[PDB]
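# Summary of structural features
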Amino acid sequence: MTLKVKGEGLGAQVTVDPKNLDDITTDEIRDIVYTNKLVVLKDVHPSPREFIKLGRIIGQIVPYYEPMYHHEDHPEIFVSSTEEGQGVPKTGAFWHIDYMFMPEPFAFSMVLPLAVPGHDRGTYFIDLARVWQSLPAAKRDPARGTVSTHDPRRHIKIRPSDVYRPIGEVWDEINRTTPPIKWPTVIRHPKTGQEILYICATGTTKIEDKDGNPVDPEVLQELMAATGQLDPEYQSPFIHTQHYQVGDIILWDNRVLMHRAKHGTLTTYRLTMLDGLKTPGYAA
Amino acid sequence: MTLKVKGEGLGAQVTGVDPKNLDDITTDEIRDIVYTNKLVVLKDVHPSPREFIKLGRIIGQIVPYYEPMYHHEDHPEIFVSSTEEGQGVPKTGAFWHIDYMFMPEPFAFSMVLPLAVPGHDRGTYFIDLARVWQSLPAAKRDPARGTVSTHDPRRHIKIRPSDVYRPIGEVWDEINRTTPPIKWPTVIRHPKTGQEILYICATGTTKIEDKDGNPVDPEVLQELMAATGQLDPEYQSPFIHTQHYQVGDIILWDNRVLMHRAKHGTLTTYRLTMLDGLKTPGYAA
Ligand SMILES: CCCCCCC[C@H](CC(=O)O)NCC(=O)O
Ligand SMILES: CCCCCCC[C@H](CC(=O)O)NCC(=O)O
Ligand SMILES: [Fe+2]
Ligand SMILES: [Fe+2]
């Protein structure tokens, strides 16, 4: 009602002012994200506090479990920056879905770039619903009704507090804190009803059937090949590029898109929200 | 060394359990399997009452249930849950609970053998309390640390046949002498795996206090309980694992980290519960 959408689909432009508790309703902005999957909230130059207000409208904000990622003044904000003492450098250099490995993966991720060097820095996205669409049934039907294991443990980053600890003690703590997790390999989006190939080049280790039996490991390899996630040059037709622009908030559906960083001083703030629907989705 | 595990995590399947060659299994082997996966199925072992006990004693020190009306006719060690006349007690565990959570030494391991199951929709729900804790933001989490929770079983003690015609006040008074309320730290650290466990029970945990006796805001217990999934009357929480009974398949699990309840012909199960000599239920966190 209050927001105007230019375009349709990945990258649609939305024309949001820091006084948003007014006409911006939660159902308005959700239906926009569900519909287009990735949108840009144009030229919002919000303050940290206003960002959070926008996040809370979108849904229930979840702070990142690991506090070295937290903004100095707000636990809610996950900070990626090249600048010493501001969050963590070089986050997300690998395909992933946010909190794909936690008990409640997010419904929405939102990124505000506060400082970008140049015009070629941003994020790659892959539509896992489209990837699924292009799959012939002969490759498709072995994935249905199977269970995928997602293992984050090797990607947990060493923290400043970890220096001089024996690596085995750090690993042991990781293993207690974020063990591998299982999700259905194919899920059905609780809102749109689309079927989603919920697998990740970096994190998905193996597929098993509904009785524990190991699926032919070339199935996982073949599905992963068809997502485009293994193309080291990033030319797959399934790969959308979204370039960062300062003050342009990138907001997207974290069930249906897989993403990774594309690549001066870079600094971005991030908020992640739940939507109260089945996460990541129903088994398909 | 002698056993092979299919899968990993809740419901993993174990194949090398031979009723006649049970002494092939070392204690450390089968313990590390249970600690690691939390819930396992020992497949197609159709043991005799006597062999079940042997399996139990390999696992650890068997503790018979304090109340004898639950006992197997011939073996005190075995807790009998059955729909059938004169066999143990009907309709046990129809509520979320940890076994002997209310006693001075809660079990490390619970083991169940189904002898007769009607259909395919009967079994046990499990909730991984380490996972529940994992999903809690610190803002909800840190007020629970270092607190003490009261667990009160008295209203759930079942009327026994010996109790008929007694005035209810005398029965209650005896319950109150026998199983009073007990206190455990609200957040526990598993003495073996080291995981932190939200050790609270919808039916049994009445109140939280700090380590000076002061009552914590009752909203804290209420909101921790909501986040466990135990209050979802339709059992659709992502934290809820379903395990269906199969005759001859022994379900064996870590009674520190899982909270469980019954998922509702003739049903008859045998149960054995063991200590492991480690701090029970765990260290305070
Ligand atoms: C299972 C796939 C890999 C998990 C990566 C975990 C570290 C990252 C943060 C970073 O890249 O430093 N997690 C961010 C999130 O999941 O939201
Ligand atoms: C804190 C809640 C305690 C209630 C359990 C008391 C009866 C049950 C047996 C039954 O359900 O009839 N005790 C089983 C056990 O603790 O092992
Ligand atoms: Fe990310
Ligand atoms: Fe029980």
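Rules of the game
- Residues numbered from 1 in each chain as written, not as in the entry; some residues may be left out.
- Chains lettered and ligands numbered in written order.
- Heavy atoms only, no water.
- Residues with missing side-chain atoms left out of burial classes, pairs and counts.
- UniProt positions renumbered as here; feature names shortened; annotations may be inferred.
- Pairing = 2+ DSSP bridges.
- Helix = DSSP H or I, 4+ residues; strand = E, 2+ residues; numbered from the N terminus.
- Axes fitted to C-alpha atoms, helices over the stretch in contact; angles between N-to-C directions.
- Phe/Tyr/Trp six-rings, centres within 6.5 Å; stacked < 30°, edge-to-face > 60°.
- Buried < 20%, exposed > 50% of the residue type's maximum accessible area, 1.4 Å probe, protein only.
- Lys NZ or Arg CZ within 6 Å of the ring centre and 35° of its normal.
- Core = buried A, V, L, I, M, F, W, Y, C linked by side-chain atoms within 4.5 Å.
- Domains from an automatic or database assignment.
- Contact = heavy atoms within 4.5 Å.
- Donors = N, O, S within 2.8 Å, 3.2 Å for Na, K, Ca; no water.
- Arc of directions from axis to C-beta.

Looking up chain B in the PDB entry gives the name Oxidoreductase, with the organism given as Mycobacterium tuberculosis. Per UniProt, the comment on chain B under Cofactor (unreviewed entry) is "Fe(2+)". UniProt, in the comment section headed Sequence similarities (unreviewed entry), describes chain B in these words: "Belongs to the TfdA dioxygenase family."

Labelled according to the PDB entry, chain A appears under the name Oxidoreductase, originating from Mycobacterium tuberculosis. Within the UniProt record for chain A, the comment given under Cofactor (unreviewed entry) is "Fe(2+)". Word for word, the UniProt comment on chain A under Sequence similarities (unreviewed entry) is "Belongs to the TfdA dioxygenase family."

## Comments concerning the sheet that holds strand β8 (residues 148–151) of chain B
Residues and elements named next belong to chain B. With antiparallel pairing, three strands are arranged side by side in an open sheet as β9-β8-β12. What marks the edges here is a single partner per strand, and that holds for β9 (182–185) and β12 (205–209). Pairwise comparison of adjacent strand axes, ignoring direction, gives a mean angle of 30° for this sheet. Summarising the sheet, β8 and β12 pair through four bridges and their orientation is antiparallel. The residue of β12 that forms the bridge with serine 149 is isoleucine 208.

## Some thoughts on the packing of aromatic side chains
This structure, assessed with the given rule, holds 24 aromatic pairs over all chains. Summarising the aromatic geometry, the rings of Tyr64(A) and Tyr69(A) are spaced 4.9 Å apart at their centres and angled 65° between planes, so their arrangement reads as edge-to-face. For the pair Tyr64(A) and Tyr69(A), one class covers both residues: buried. Relative to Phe78(A), the ring of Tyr64(A) has its centre 5.1 Å away and its plane inclined at 85°; by these criteria the two rings are edge-to-face. Residue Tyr64(A) is located in the loop between β4 (60–61) and β5 (78–81), and its partner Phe78(A) is located in strand β5; the two are separated by 14 residues in the primary sequence. Taken together through their ring pairs, the aromatic side chains of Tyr64(A), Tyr65(A), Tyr69(A), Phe78(A), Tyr99(A), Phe101(A) and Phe106(A) make up a single cluster. Between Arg271(B) and the ring centre of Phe79(B), over which it is positioned, the NZ or CZ distance is 3.8 Å.

## Some remarks on the nonpolar core
Core analysis: the biggest nonpolar cluster contains 51 residues, and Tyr100(B), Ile127(B), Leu198(B), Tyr199(B), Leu224(B), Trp253(B) and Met259(B) have the highest contact counts within it. Ranked by residues supplied to this core, first place goes to helix α6 (residues 218–228) of chain B with five residues. Viewed by domain, this core spans two of them, domain 1 (5–124 + 241–277) and domain 2 (129–228) of chain B, each represented by three or more residues. For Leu224(B), the contacting residues outside a window of four places in its chain are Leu136(B), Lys140(B), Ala144(B), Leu198(B), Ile200(B) and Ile208(B). In this structure, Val62(A), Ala129(A), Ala143(A) and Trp252(A) belong to the second largest nonpolar core, which totals 49 residues.

## Details of the coordination of the iron ion (ligand 4)
In the first shell of the iron ion (ligand 4), the protein supplies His97(B) (NE2), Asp99(B) (OD) and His260(B) (NE2), at 2.3 to 2.4 Å from the metal. For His97(B), a relative accessible area of 15% corresponds to the buried category.

## Details of the side chain of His75(B)
Of note, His75(B) is situated in the loop between β4 (61–62) and β5 (79–82). Setting aside residues no more than four positions away along its own chain, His75(B) makes contact with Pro49(B), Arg50(B) and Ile53(B).

## Topic: α6(B)
Each full turn of the α-helix corresponds to 3.6 residues, which orients residues three or four apart in the same direction. Residue and element names in this part refer to chain B. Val220, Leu221, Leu224, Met225, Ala227 and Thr228 are the residues of α6 that are buried. Angular distribution of buried residues about the axis of α6 spans 160°; they occupy a single face of the element. Turned more than 90 degrees from where α6 packs its buried face, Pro218 and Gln222 sit exposed. Lining the buried residues of α6 we find β7 (123–128), α3 (129–134), α4 (138–141), β11 (196–198) and β12. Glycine 229 lies just past α6 and shows a positive phi near 90°.

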